[PDB]
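Values in this text are rule-based calculations from the coordinates and carry no lab data. Using ideal geometry, Cβ is built from the backbone for each residue, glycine included, and neighbour counts are taken over all protein chains shown.
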């Protein structure tokens, strides 16, 4: 019964991208990037099952999530279409791509946004996650959200979203609740389960920020372990959270355009 949902993130010429969602299952963290890209045609994201109103919430295993996302991406994926992802979305995207190849569908490449193949480590905990994750995605004062009761922090996010035409269509009180619950669930995925375990036979492009702790910075090169063909590393501005928001996302977009899009 349950399925993931393919969502169009932009309004012409160039390759496509299908983004896999990070923890929480939403595409909304890619909207700003999608709006800044100029070298791509169709940009989609896969939305996890169970985030819509009146739907049954779904808490998939990592493998189940990959399956949901593969099935959804398969409608548009193939020649001329990248798979991409940020944070846990990068691991999902890697495994999604391997599943498409196994089914005879070959994406143009895999775009990894600033995660190594080793996934990085993560009541007051609930509020901190809200503030640092979707609070970040929404350009919010993260320190102010932390100093708040969970329900009051949630209301500030809704106040910010409810008349923003980029997200007001779907980011309701119910959607936010479902996102936060699925996020907590997916934040418990085991690092050993999401680690790549085979080589991927399409090119990989890794876009990495340069303000990581050294112990994380030295883990990016391991993407080459999982590349049966080309792997390319591209430095981008910002840090892990702010690279997908203004002003850094415009430069991230320019670099994706240059390295992966249509000249």
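Results, tabulated for the structure shown:
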| read-out | value |
| --- | --- |
| Check on residue 147, surrounded by 13 or more Cβ atoms within 10 Å (Cβ to Cβ) and over 20 Å from the mean Cα position of the chain (by Cα) | no |
| Where a residue in segment 143-159 is farther than 21 Å from residue 178 by Cβ and its partner, wherever it lies, is buried (at least 18 other Cβ atoms within 10 Å of the Cβ), with Cβ under 7 Å and at least six apart | 146/127; 146/131 |
| Filter result for residue 112 (in a helix (DSSP H, G or I) and within 30 Å of residue 221 (Cα to Cα)) | no |
| Residue count for segment 21-73, restricted to those that are buried (at least 24 other Cβ atoms within 10 Å of the Cβ) and on the phi > 0 side of the Ramachandran plot | 2 |
| Residue match in segment 177-185 (condition: closer than 15 Å to residue 22 by Cβ, exposed (fewer than 14 other Cβ atoms within 10 Å of the Cβ) and over 16 Å from the mean Cα position of the chain (by Cα)) | no |
| Verdict on residue 117 being assigned to a loop (DSSP other than H, G, I, E, B) and crowded, with 20+ Cβ neighbours inside 10 Å | yes |
| Qualifying residue in segment 228-243 (condition: surrounded by 14 or more Cβ atoms within 10 Å (Cβ to Cβ), part of a loop (DSSP other than H, G, I, E, B) and touching a strand residue (DSSP E or B) at 6+ places or on another chain (Cβ under 7 Å)) | yes |
